[PDB]
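Visitor: Take a look at this one; I'll ask things after.
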Amino acid sequence: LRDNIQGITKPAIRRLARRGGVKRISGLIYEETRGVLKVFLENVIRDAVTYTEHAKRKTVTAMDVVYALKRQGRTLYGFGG
Amino acid sequence: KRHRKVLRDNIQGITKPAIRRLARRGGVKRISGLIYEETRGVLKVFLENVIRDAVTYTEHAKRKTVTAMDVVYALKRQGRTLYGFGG
Amino acid sequence: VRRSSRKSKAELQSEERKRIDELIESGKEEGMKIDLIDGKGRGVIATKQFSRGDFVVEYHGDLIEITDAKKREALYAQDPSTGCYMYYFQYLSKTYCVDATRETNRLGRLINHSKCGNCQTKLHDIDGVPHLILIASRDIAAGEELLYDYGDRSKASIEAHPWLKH
Amino acid sequence: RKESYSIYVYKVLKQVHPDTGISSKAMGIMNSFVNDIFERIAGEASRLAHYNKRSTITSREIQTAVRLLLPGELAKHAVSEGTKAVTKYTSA
Amino acid sequence: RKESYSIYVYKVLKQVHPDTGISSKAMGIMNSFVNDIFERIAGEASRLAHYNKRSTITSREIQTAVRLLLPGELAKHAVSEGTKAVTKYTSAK
Amino acid sequence: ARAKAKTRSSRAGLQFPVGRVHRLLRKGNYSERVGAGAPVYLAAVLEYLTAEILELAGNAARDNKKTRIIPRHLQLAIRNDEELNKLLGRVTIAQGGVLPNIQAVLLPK
Amino acid sequence: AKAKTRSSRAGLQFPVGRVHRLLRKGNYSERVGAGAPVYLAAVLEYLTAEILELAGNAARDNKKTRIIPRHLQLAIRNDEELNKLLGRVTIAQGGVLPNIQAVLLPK
Amino acid sequence: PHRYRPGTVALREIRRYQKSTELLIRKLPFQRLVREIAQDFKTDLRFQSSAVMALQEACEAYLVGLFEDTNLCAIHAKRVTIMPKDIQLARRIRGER
Amino acid sequence: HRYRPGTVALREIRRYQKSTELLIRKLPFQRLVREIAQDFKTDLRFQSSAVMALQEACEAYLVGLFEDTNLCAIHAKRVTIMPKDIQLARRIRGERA
DNA sequence: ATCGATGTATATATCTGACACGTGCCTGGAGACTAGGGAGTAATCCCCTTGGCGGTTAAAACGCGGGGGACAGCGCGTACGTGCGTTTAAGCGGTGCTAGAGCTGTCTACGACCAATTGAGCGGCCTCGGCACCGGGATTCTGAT
DNA sequence: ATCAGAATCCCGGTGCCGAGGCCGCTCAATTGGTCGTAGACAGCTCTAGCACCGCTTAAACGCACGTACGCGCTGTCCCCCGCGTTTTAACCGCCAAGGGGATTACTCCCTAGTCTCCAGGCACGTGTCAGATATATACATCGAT
């Protein structure tokens with residue numbers, strides 16, 4: 001799995017920005033947003049894999065992700081918990 | 001000797017030079033003129049929240065004095081953990 | 001059938017505001033009689049069980065600017081039988097004066113000064129005009145007198161009136 | 001034996017909007033909301049009991065936790081509801 | 001009679017900076033810091049134990065709580081120190 | 001176990017399970033003991049909050065001329081209510097979307 | 001028989017017994033393993049050793065011998081890890097990091 | 001041969017994507033990225049479908065809120081276009097590293 | 001004789017970032033605290049340590065808010081902080097909807 | 001400122017999956033009863049909070065002049081939007097496979113509990129030295145020339 | 001530059017009060033022994049996560065052109081800053097009272113624990129209807145000739 005952050009394509013980030021209310025989007029926004037997303041995902045997945053490892057499991061579960069997010073301060077309603 | 005009648009606020013005790021000292025500590029180089037009323041509003045909101053929570057903790061302990069632990073607990077409730085008052 | 005009656009904070013604040021306006025312009029003045037005090041002169045005993053924040057009276061008078069405020073008080077004081085009726089207040093870069101020497105049908109101007117009374121005065125602007133409201137900032141019994149602070153620290157007047165500190 | 005609040009949220013719904021249903025995803029979301037508010041109130045009541053060196057969580061602790069966690073009007077009305085329920089419960 | 005971490009903070013101080021004091025205010029601040037980090041780690045370990053439906057906090061739960069609460073290098077070295085301490089504590093008996 | 005049993009909920013006039021709330025306050029390690037009115041109070045508060053959210057959600061679903069409350073309607077209710085949005089301000093609602101809101105400086109002239 | 005504190009068995013300067021008592025009386029779980037307080041005390045000692053070492057470095061760089069809230073503040077806000085850890089923490093009598101934005105310096 | 005002024009299509013997309021609720025990132029590329037990032041921390045991990053959907057919902061909500069604040073920053077700078085300096089200001093004020 | 005406007009500002013900045021004492025004055029701040037608490041429970045009492053804690057917290061709050069405000073202003077190509085900057089900082093931090 | 005695409009709300013058909021409902025049962029909730037210990041309540045002491053007085057002086061308030069900094073206008077060029085033809089890879093549905101979650105049973109090591117004891121930690125005391133402070137030589141910044 | 005000239009840093013020495021060492025007491029940590037139960041480990045089932053493969057087609061991509069906007073520059077005008085004088089009220093010390101915080105002692109009543117009874121909630125299977133398309137109607141919108 002190499003260079004998958006490019007799977008967050010330019011039109012995808014533009015759709016996210018449209019949902020956010022953005023009207024125009026500088027062209028350097030896309031790499032910045034890919035970096036921001038990779039950082040946020042690294043943090044949440046590190047916490048989720050830690051919860052999983054502690055449960056001696058091997059499947060990251062919806063509850064492991066929900067707990068990671070609740071610990072980041074970003075409680076997520078709709079996947080259990 | 002007839003005298004006039006005026007008021008005060010106790011929020012104007014956060015004086016303009018004090019707000020400018022705070023801004024200087026924050027690194028502000030130049031200050032607008034409405035920053036003072038804006039900052040007084042901000043500070044009154046923050047104080048209202050923290051003191052409401054501290055007075056709630058006090059009432060629950062059936063005390064009539066607001067100890068420093070009540071303020072520390074209120075601040076931790078807001079998410080602004082304060083070190084150095086017996087926390 | 002189960003319906004919440006919550007009245008979001010905007011509704012509560014607006015309703016308190018409208019209540020203030022209609023009460024000020026209602027002239028009800030519930031239960032306040034003029035009597036005598038042992039040394040001060042007149043007295044207005046309120047006969048209702050007040051509590052925190054409830055209304056008491058409106059210090060009805062004439063509102064003016066500051067250029068005439070810093071003058072009219074002394075110009076009425078040139079009459080040594082004027083008492084104390086004018087109220088200044090600083091609000092939005094301007095200080096004002098509540099001309100209340102000319103007698104009115106209201107109960108505002110009829111109160112004396114102290115720092116050990118029961119009232120601390122606020123301000124309300126019913127469409128611009130700042131009406132000097134008086135609220136019960138504490139628990140008052142039916143049979144206590146209206147007594148608030150004039151805020152005035154005129155060292156000359158406090159020299160002549162040592163009773164201003166009390 | 002999976003624990004949920006689905007049937008009780010159904011009851012409260014059919015009590016508020018008697019001619020309105022609720023999808024399964026919204027059911028899961030209301031379930032999570034109830035779990036989260038329960039966890040908050042219980043953790044805050046625990047903190048209060050520990051602060052005041054008590055051992056029991058009581059209606060006093062739960063009321064103070066409600067007053068700390070919910071903003072103004074929500075807290076006033078929730079305290080009203082809980083006090084009414086406790087008085088009715090101890091009467092019956 | 002009220003408990004604190006004053007003498008232990010002072011011992012660790014005399015370990016790291018032998019000729020150096022610490023004022024009363026900084027002593028109170030280190031007290032608050034020790035209490036805060038203790039409460040964080042213990043609450044996270046409690047929450048982990050409740051997650052896995054288990055009743056006992058162990059060195060496993062504490063290690064996971066440390067690896068959750070401290071940022072990368074602090075967490076790595078704190079896990080190192082804790083494991084060292086637990087092995088030395090079980091060797092002797 | 002005579003004197004035919006009625007649930008603590010029914011005795012309290014609630015729809016949320018007071019017995020389950022008691023069990024959760026016990027097997028949750030919040031405190032050693034747990035008062036008798038604590039589960040009743042907590043269940044009353046939880047049922048109140050649930051009713052308060054579901055009322056606004058049903059109103060939104062009826063505005064959009066629908067019959068089934070959905071995550072979108074929950075999101076709309078919560079974000080539009082001033083105090084539920086403060087209680088649930090750092091909460092993500094799956095498949096909720098955002099509020100329709102365009103800043104004024106982007107509209108045409 | 002002769003006794004020696006658990007702290008001495010583990011080589012720690014923090015009280016393993018006090019930590020165990022706190023874990024028990026703090027209502028964290030129905031049971032507390034043997035090595036749980038040892039691990040927790042070791043971690044608390046490591047963290048306070050880090051904080052104290054950096055604060056002592058600050059006190060040296062200030063040519064003083066006592067640590068003070070200001071020195072704790074400097075140590076924390078300068079170390080990136082400790083600043084991420086204690087990021088939502090105010091330190092009484094601690095002041096702020098000396099930092100003037102470049103756009104305000106004289107050109 | 002009709003054509004709109006630049007901006008009206010953007011406003012229509014705004015109204016559309018604020019009416020809708022569906023996920024705006026492609027599920028399979030997102031899942032692939034998540035599997036990579038996780039592979040960094042622990043090898044041979046499995047993922048529940050609901051776990052990856054939760055990650056996606058959380059990431060999308062994060063980016064949508066970040067873009068709301070970025071748009072506020074841009075409007076503050078008297079612009080209409082959001083820029084990397086706007087994202088960086090939003091994150092720095094908001095507390096992220 | 002005279003200093004160019006700005007040099008005394010920077011001198012004050014260096015001075016107040018060197019120091020640690022409280023910048024608001026204790027007696028006015030304490031009067032403010034008492035009047036605010038007067039609206040939640042009458043006849044309250046405050047440990048002097050409690051008022052000092054409140055003052056440390058409030059000054060830390062305002063200092064951090066002014067750092068964020070300065071960042072907003074600098075972002076807007078300005079140097080003078082403004083109420084719109086304070087409002088943007090608060091809104092991005094999540095204190096005012 | 002109609003034209004005329006161009007897209008958009010209103011209506012009906014309908015149908016597909018999801019939701020609301022009926023059933024049996026088992027497992028958790030309720031009722032009674034007993035024991036004990038946690039907490040309510042009364043008393044007491046002394047700490048520490050509040051209030052007032054007096055003087056100092058440091059700090060706030062006020063006024064003024066002026067300059068630099070915000071803001072509005074303007075021009076330019078560039079980079080972002082919009083649209084269209086093309087490519088590519090997401091998505092959907094099939095199957096199959098097997099890893100690993102989840103539940104069960106056994107049993108042992110481990111942690112709670114309880115009592116005897118002893119030394120580590122705490123509170124009060126006292127001393128000295130570290131930091132503050134006050135005044136002085138130097139040098140290092142700004143600012144008019 | 002050219003310079004002075006106020007701030008500012010390095011320097012002594014005094015001084016004072018807080019911090020660090022000392023010691024006696026007491027209470028909580030250690031030790032030893034018992035027990036009961038939690039979880040560790042093995043075993044087995046069987047869901048569901050992964051992999052693959054083919055088709056469809058929706059979405060991504062690349063290109064071209066135009067134009068809206070970002071950004072630099074200029075001018076003005078005004079509103080903060082710096083400074084000097086006055087005033088005011090923070091602050092510090094002192095005293096003096098008294099509320100109420102903290103501790104202790106006692107008693108009672110409320111909650112845990114146990115056992116038994118049983119009904120309500122859960123999985124499970126089924127009927128049906130809400131809402132999501134699909135197409136048509138009428139209309140709204142806006143961009144330009």
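Following the order of the structure tokens, first chain is A, next is B, and so on, with residues numbered from 1 inside each chain and ligands from 1 in the order they appear.
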Name the residues of range 1-92 of chain G that fall into strand (DSSP E or B) according to DSSP on the backbone, using the chain letters and numbers of this document, as a ChimeraX atom specification.
Guide: /G:31-32,66-67,90-91
Visitor: Taking only C-alpha atoms (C1' of nucleotides) into account, what are the residues of chain H at most 12 Å from chain J, put as an MDAnalysis selection string?
Guide: chainID H and resid 1:10 12 25:30 44:48 78 80:82
Visitor: Kindly provide the residues of chain G that approach chain F to within 10 Å, each paired with its closest atom pair and their distance in Å to one decimal, based on only C-alpha atoms, listed by chain and increasing number, as CSV.
Guide:
residue,atom,partner,partner_atom,distance
G:25,CA,F:32,CA,9.8
G:26,CA,F:31,CA,9.0
G:27,CA,F:29,CA,6.0
G:28,CA,F:29,CA,6.5
G:29,CA,F:29,CA,6.3
G:30,CA,F:29,CA,7.4
Visitor: Those same residues - C-alpha atoms - I'd like them written as a JSON list (two decimals), in the first residue's frame.
Guide:
[["chain", "number", "residue", "atom", "x", "y", "z"],
["G", 25, "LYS", "CA", -9.60, 4.04, 47.57],
["G", 26, "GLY", "CA", -10.04, 5.89, 44.28],
["G", 27, "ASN", "CA", -12.77, 3.62, 42.88],
["G", 28, "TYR", "CA", -10.98, 2.67, 39.69],
["G", 29, "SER", "CA", -11.63, -1.07, 39.78],
["G", 30, "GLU", "CA", -12.72, -3.81, 42.15]]
Visitor: Would you kindly report the residues of chain J within 10 Å of chain G, using only C-alpha atoms (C1' of nucleotides), as a PyMOL selection string?
Guide: chain J and resi 110-112+117-120+130-131
Visitor: For the selection you just gave me, I'd like the residues written to a file as a PDB file, in the first residue's frame, keeping N, CA and C atoms (P, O5', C5', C4', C3', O3' and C1' of nucleotides).
Guide:
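Listing of again-v6.pdb after writing:
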ATOM      1  P    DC J 110       0.608 -15.361  40.510  1.00  0.00           P
ATOM      2  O5'  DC J 110      -0.396 -14.132  40.502  1.00  0.00           O
ATOM      3  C5'  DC J 110      -1.641 -14.267  39.849  1.00  0.00           C
ATOM      4  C4'  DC J 110      -2.711 -13.502  40.588  1.00  0.00           C
ATOM      5  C3'  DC J 110      -2.179 -12.459  41.555  1.00  0.00           C
ATOM      6  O3'  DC J 110      -3.033 -11.357  41.557  1.00  0.00           O
ATOM      7  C1'  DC J 110      -3.519 -13.960  42.719  1.00  0.00           C
ATOM      8  P    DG J 111      -2.435  -9.882  41.699  1.00  0.00           P
ATOM      9  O5'  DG J 111      -3.561  -9.115  42.515  1.00  0.00           O
ATOM     10  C5'  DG J 111      -4.887  -9.151  42.061  1.00  0.00           C
ATOM     11  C4'  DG J 111      -5.845  -9.215  43.224  1.00  0.00           C
ATOM     12  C3'  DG J 111      -5.589  -8.191  44.324  1.00  0.00           C
ATOM     13  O3'  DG J 111      -6.811  -7.687  44.784  1.00  0.00           O
ATOM     14  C1'  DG J 111      -5.608 -10.338  45.237  1.00  0.00           C
ATOM     15  P    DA J 112      -6.855  -6.379  45.706  1.00  0.00           P
ATOM     16  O5'  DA J 112      -7.962  -6.739  46.786  1.00  0.00           O
ATOM     17  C5'  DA J 112      -9.209  -7.257  46.363  1.00  0.00           C
ATOM     18  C4'  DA J 112      -9.927  -7.957  47.502  1.00  0.00           C
ATOM     19  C3'  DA J 112      -9.991  -7.178  48.804  1.00  0.00           C
ATOM     20  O3'  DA J 112     -11.197  -7.472  49.466  1.00  0.00           O
ATOM     21  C1'  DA J 112      -8.811  -9.177  49.157  1.00  0.00           C
ATOM     22  P    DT J 117       2.881  -7.786  68.124  1.00  0.00           P
ATOM     23  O5'  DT J 117       3.515  -6.743  67.094  1.00  0.00           O
ATOM     24  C5'  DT J 117       4.351  -7.208  66.043  1.00  0.00           C
ATOM     25  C4'  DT J 117       5.027  -6.049  65.333  1.00  0.00           C
ATOM     26  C3'  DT J 117       5.397  -4.861  66.223  1.00  0.00           C
ATOM     27  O3'  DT J 117       6.578  -4.254  65.730  1.00  0.00           O
ATOM     28  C1'  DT J 117       4.030  -4.124  64.515  1.00  0.00           C
ATOM     29  P    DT J 118       8.030  -4.856  66.062  1.00  0.00           P
ATOM     30  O5'  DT J 118       9.008  -3.956  65.179  1.00  0.00           O
ATOM     31  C5'  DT J 118       8.922  -4.006  63.759  1.00  0.00           C
ATOM     32  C4'  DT J 118       8.707  -2.621  63.171  1.00  0.00           C
ATOM     33  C3'  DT J 118       9.409  -1.476  63.913  1.00  0.00           C
ATOM     34  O3'  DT J 118      10.108  -0.666  62.984  1.00  0.00           O
ATOM     35  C1'  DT J 118       7.174  -0.936  63.498  1.00  0.00           C
ATOM     36  P    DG J 119      11.626  -1.003  62.584  1.00  0.00           P
ATOM     37  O5'  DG J 119      11.926  -0.003  61.374  1.00  0.00           O
ATOM     38  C5'  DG J 119      11.243  -0.161  60.135  1.00  0.00           C
ATOM     39  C4'  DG J 119      10.546   1.127  59.727  1.00  0.00           C
ATOM     40  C3'  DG J 119      11.399   2.393  59.830  1.00  0.00           C
ATOM     41  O3'  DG J 119      11.100   3.250  58.749  1.00  0.00           O
ATOM     42  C1'  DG J 119       9.438   2.690  61.020  1.00  0.00           C
ATOM     43  P    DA J 120      12.096   3.373  57.499  1.00  0.00           P
ATOM     44  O5'  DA J 120      11.200   4.088  56.389  1.00  0.00           O
ATOM     45  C5'  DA J 120       9.956   3.520  56.027  1.00  0.00           C
ATOM     46  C4'  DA J 120       8.875   4.579  55.926  1.00  0.00           C
ATOM     47  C3'  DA J 120       9.329   5.930  55.406  1.00  0.00           C
ATOM     48  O3'  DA J 120       8.283   6.507  54.671  1.00  0.00           O
ATOM     49  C1'  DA J 120       8.471   6.194  57.575  1.00  0.00           C
ATOM     50  P    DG J 130      23.267  29.557  48.902  1.00  0.00           P
ATOM     51  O5'  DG J 130      22.037  29.705  47.893  1.00  0.00           O
ATOM     52  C5'  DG J 130      20.742  29.294  48.298  1.00  0.00           C
ATOM     53  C4'  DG J 130      19.695  30.320  47.912  1.00  0.00           C
ATOM     54  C3'  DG J 130      19.987  31.100  46.640  1.00  0.00           C
ATOM     55  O3'  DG J 130      18.780  31.371  45.967  1.00  0.00           O
ATOM     56  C1'  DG J 130      19.800  32.596  48.434  1.00  0.00           C
ATOM     57  P    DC J 131      18.777  31.665  44.391  1.00  0.00           P
ATOM     58  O5'  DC J 131      17.529  32.633  44.208  1.00  0.00           O
ATOM     59  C5'  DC J 131      16.498  32.622  45.167  1.00  0.00           C
ATOM     60  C4'  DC J 131      16.099  34.035  45.544  1.00  0.00           C
ATOM     61  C3'  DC J 131      16.133  35.044  44.398  1.00  0.00           C
ATOM     62  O3'  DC J 131      14.873  35.687  44.306  1.00  0.00           O
ATOM     63  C1'  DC J 131      17.283  35.889  46.302  1.00  0.00           C
TER      64       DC J 131
END
Visitor: For chain E versus chain F, which residues have an atom no more than 10 Å away, and what is each residue's nearest atom pair and distance in Å rounded to one decimal, using only C-alpha atoms, chain-then-number order, as a tab-separated table?
Guide:
residue	atom	partner	partner_atom	distance
E:46	CA	F:29	CA	8.8
E:47	CA	F:28	CA	9.7
E:50	CA	F:28	CA	7.6
E:55	CA	F:29	CA	9.8
Visitor: Restricting the output to C-alpha atoms, write the selected residues as a PDB file, in the first residue's frame.
Guide:
ATOM      1  CA  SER E  46     -10.020   1.924  34.821  1.00  0.00           C
ATOM      2  CA  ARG E  47     -11.773   2.677  31.552  1.00  0.00           C
ATOM      3  CA  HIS E  50     -14.256  -1.740  31.993  1.00  0.00           C
ATOM      4  CA  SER E  55     -12.175  -6.466  37.138  1.00  0.00           C
TER       5      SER E  55
END
Visitor: How close does each residue of chain E get to chain J, giving the shortest atom pair and distance in Å to one decimal for every residue with an atom at most 10 Å away, counting only C-alpha atoms (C1' of nucleotides), sorted by chain and residue number, as a Markdown table?
Guide:
| residue | atom | partner | partner_atom | distance |
| --- | --- | --- | --- | --- |
| E:1 | CA | J:122 | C1' | 7.3 |
| E:2 | CA | J:122 | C1' | 8.8 |
| E:3 | CA | J:122 | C1' | 9.0 |
| E:7 | CA | J:121 | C1' | 8.8 |
| E:21 | CA | J:130 | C1' | 10.0 |
| E:56 | CA | J:111 | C1' | 9.0 |
Visitor: Could those residues be written to a file, using C-alpha atoms, as an mmCIF file, in the first residue's frame?
Guide:
data_model
loop_
_atom_site.group_PDB
_atom_site.id
_atom_site.type_symbol
_atom_site.label_atom_id
_atom_site.label_comp_id
_atom_site.auth_asym_id
_atom_site.auth_seq_id
_atom_site.Cartn_x
_atom_site.Cartn_y
_atom_site.Cartn_z
ATOM 1 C CA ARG E 1 -2.699 15.429 58.347
ATOM 2 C CA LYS E 2 -2.822 15.690 54.544
ATOM 3 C CA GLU E 3 -0.897 13.592 52.034
ATOM 4 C CA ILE E 7 9.438 14.448 49.960
ATOM 5 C CA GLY E 21 16.517 23.603 45.635
ATOM 6 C CA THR E 56 -8.460 -6.078 37.876
#
Visitor: Define the interface residues of chain D facing chain F as those within 6 Å, counting only C-alpha atoms, and report them as a PyMOL selection string.
Guide: chain D and resi 8+20-23+26+46+55-59+78+82+85+88-89
Visitor: With N, CA, C and O atoms retained, could you export that selection as a PDB file, in the first residue's frame?
Guide:
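Dumped to again-v4.pdb:
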ATOM      1  N   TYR D   8     -37.105   1.791  25.178  1.00  0.00           N
ATOM      2  CA  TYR D   8     -37.499   2.932  25.986  1.00  0.00           C
ATOM      3  C   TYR D   8     -37.497   4.216  25.177  1.00  0.00           C
ATOM      4  O   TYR D   8     -38.344   5.089  25.396  1.00  0.00           O
ATOM      5  N   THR D  20     -45.142   9.044  14.587  1.00  0.00           N
ATOM      6  CA  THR D  20     -43.829   9.230  13.985  1.00  0.00           C
ATOM      7  C   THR D  20     -42.940   8.061  14.364  1.00  0.00           C
ATOM      8  O   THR D  20     -42.883   7.683  15.535  1.00  0.00           O
ATOM      9  N   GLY D  21     -42.256   7.487  13.378  1.00  0.00           N
ATOM     10  CA  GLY D  21     -41.315   6.419  13.616  1.00  0.00           C
ATOM     11  C   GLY D  21     -39.886   6.932  13.669  1.00  0.00           C
ATOM     12  O   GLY D  21     -39.616   8.121  13.566  1.00  0.00           O
ATOM     13  N   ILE D  22     -38.960   5.994  13.827  1.00  0.00           N
ATOM     14  CA  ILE D  22     -37.548   6.334  13.934  1.00  0.00           C
ATOM     15  C   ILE D  22     -36.737   5.226  13.286  1.00  0.00           C
ATOM     16  O   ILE D  22     -36.929   4.047  13.585  1.00  0.00           O
ATOM     17  N   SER D  23     -35.846   5.605  12.379  1.00  0.00           N
ATOM     18  CA  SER D  23     -35.070   4.625  11.648  1.00  0.00           C
ATOM     19  C   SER D  23     -34.101   3.911  12.578  1.00  0.00           C
ATOM     20  O   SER D  23     -33.938   4.261  13.744  1.00  0.00           O
ATOM     21  N   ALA D  26     -30.939   6.202  13.340  1.00  0.00           N
ATOM     22  CA  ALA D  26     -31.286   7.185  14.357  1.00  0.00           C
ATOM     23  C   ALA D  26     -31.546   6.519  15.694  1.00  0.00           C
ATOM     24  O   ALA D  26     -31.288   7.114  16.743  1.00  0.00           O
ATOM     25  N   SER D  46     -19.578  10.641  40.575  1.00  0.00           N
ATOM     26  CA  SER D  46     -18.470   9.959  41.224  1.00  0.00           C
ATOM     27  C   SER D  46     -17.414  10.947  41.684  1.00  0.00           C
ATOM     28  O   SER D  46     -16.894  10.845  42.800  1.00  0.00           O
ATOM     29  N   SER D  55     -19.255   8.153  50.286  1.00  0.00           N
ATOM     30  CA  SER D  55     -19.187   6.822  49.710  1.00  0.00           C
ATOM     31  C   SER D  55     -20.364   6.494  48.815  1.00  0.00           C
ATOM     32  O   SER D  55     -20.210   5.696  47.895  1.00  0.00           O
ATOM     33  N   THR D  56     -21.527   7.081  49.057  1.00  0.00           N
ATOM     34  CA  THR D  56     -22.724   6.802  48.285  1.00  0.00           C
ATOM     35  C   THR D  56     -22.927   7.879  47.231  1.00  0.00           C
ATOM     36  O   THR D  56     -22.772   9.069  47.511  1.00  0.00           O
ATOM     37  N   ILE D  57     -23.279   7.456  46.026  1.00  0.00           N
ATOM     38  CA  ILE D  57     -23.900   8.353  45.064  1.00  0.00           C
ATOM     39  C   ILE D  57     -25.377   8.445  45.399  1.00  0.00           C
ATOM     40  O   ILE D  57     -26.068   7.425  45.470  1.00  0.00           O
ATOM     41  N   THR D  58     -25.869   9.652  45.613  1.00  0.00           N
ATOM     42  CA  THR D  58     -27.257   9.848  45.989  1.00  0.00           C
ATOM     43  C   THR D  58     -27.932  10.792  45.008  1.00  0.00           C
ATOM     44  O   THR D  58     -27.346  11.221  44.014  1.00  0.00           O
ATOM     45  N   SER D  59     -29.188  11.115  45.296  1.00  0.00           N
ATOM     46  CA  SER D  59     -29.881  12.088  44.470  1.00  0.00           C
ATOM     47  C   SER D  59     -29.240  13.456  44.588  1.00  0.00           C
ATOM     48  O   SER D  59     -29.273  14.231  43.634  1.00  0.00           O
ATOM     49  N   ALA D  78     -34.314  19.609  33.750  1.00  0.00           N
ATOM     50  CA  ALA D  78     -33.944  18.250  34.116  1.00  0.00           C
ATOM     51  C   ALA D  78     -33.977  18.063  35.621  1.00  0.00           C
ATOM     52  O   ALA D  78     -34.402  17.014  36.112  1.00  0.00           O
ATOM     53  N   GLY D  82     -36.299  15.359  37.567  1.00  0.00           N
ATOM     54  CA  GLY D  82     -35.744  14.375  38.476  1.00  0.00           C
ATOM     55  C   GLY D  82     -36.282  14.513  39.884  1.00  0.00           C
ATOM     56  O   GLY D  82     -36.564  13.514  40.548  1.00  0.00           O
ATOM     57  N   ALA D  85     -39.764  13.115  39.906  1.00  0.00           N
ATOM     58  CA  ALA D  85     -39.755  11.658  39.859  1.00  0.00           C
ATOM     59  C   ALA D  85     -39.351  11.062  41.196  1.00  0.00           C
ATOM     60  O   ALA D  85     -39.924  10.060  41.628  1.00  0.00           O
ATOM     61  N   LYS D  88     -42.266  11.416  43.688  1.00  0.00           N
ATOM     62  CA  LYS D  88     -43.293  10.432  43.365  1.00  0.00           C
ATOM     63  C   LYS D  88     -42.854   9.024  43.754  1.00  0.00           C
ATOM     64  O   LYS D  88     -43.653   8.235  44.271  1.00  0.00           O
ATOM     65  N   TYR D  89     -41.579   8.702  43.539  1.00  0.00           N
ATOM     66  CA  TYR D  89     -41.090   7.359  43.822  1.00  0.00           C
ATOM     67  C   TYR D  89     -41.082   7.069  45.314  1.00  0.00           C
ATOM     68  O   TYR D  89     -41.475   5.979  45.740  1.00  0.00           O
TER      69      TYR D  89
END
Visitor: Pull the helix (DSSP H, G or I) assignments for chain E out of DSSP run on the backbone, and list those residues as a VMD selection string.
Guide: chain E and resid 6 to 16 24 to 51 59 to 69 72 to 91
Visitor: Select all residues from chain I having any atom no more than 12 Å from an atom of chain J (counting only C-alpha atoms (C1' of nucleotides), ignoring ligands), output as a VMD selection string.
Guide: chain I and resid 1 to 8 11 23 to 25 43 to 49 73 76 to 82
Visitor: Given the selection you just returned, output its residues as a file containing C-alpha atoms, formatted as a short mmCIF file (atom, residue, chain, number, x, y, z; two decimals), in the first residue's frame.
Guide:
data_model
loop_
_atom_site.label_atom_id
_atom_site.label_comp_id
_atom_site.auth_asym_id
_atom_site.auth_seq_id
_atom_site.Cartn_x
_atom_site.Cartn_y
_atom_site.Cartn_z
CA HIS I 1 13.20 63.33 24.34
CA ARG I 2 10.81 61.16 22.28
CA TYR I 3 10.55 57.54 21.17
CA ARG I 4 9.23 56.38 17.82
CA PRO I 5 5.73 54.92 18.35
CA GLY I 6 6.26 51.19 18.67
CA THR I 7 9.57 51.08 20.51
CA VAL I 8 7.90 51.61 23.88
CA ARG I 11 9.85 47.39 25.43
CA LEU I 23 -1.35 42.21 35.76
CA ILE I 24 -4.91 42.86 36.86
CA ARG I 25 -5.11 44.51 40.26
CA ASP I 43 -23.72 35.75 51.37
CA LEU I 44 -20.85 33.83 49.84
CA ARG I 45 -17.29 33.75 51.09
CA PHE I 46 -14.04 33.32 49.20
CA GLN I 47 -10.76 31.95 50.42
CA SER I 48 -8.10 34.46 49.45
CA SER I 49 -6.48 31.45 47.81
CA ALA I 73 -4.75 40.37 13.21
CA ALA I 76 -5.38 40.04 8.24
CA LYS I 77 -2.21 41.96 7.22
CA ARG I 78 -2.81 44.25 10.20
CA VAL I 79 -0.89 45.07 13.34
CA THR I 80 -3.68 46.54 15.48
CA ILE I 81 -5.82 43.85 17.08
CA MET I 82 -9.54 44.50 16.76
#
Visitor: Could you list, as number ranges by chain, the residues of chain B having an atom within 9 Å of chain I when counting only C-alpha atoms?
Guide: B: 9-15, 18-19, 21-39, 42-44, 46-48, 50-52, 55-56, 59, 64-72, 75, 80-82, 84-85
Visitor: Residues of chain K within 9 Å of chain G, counting only C-alpha atoms (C1' of nucleotides), what are they? List them as a list in words.
Guide: residues 29, 30 and 31 of chain K
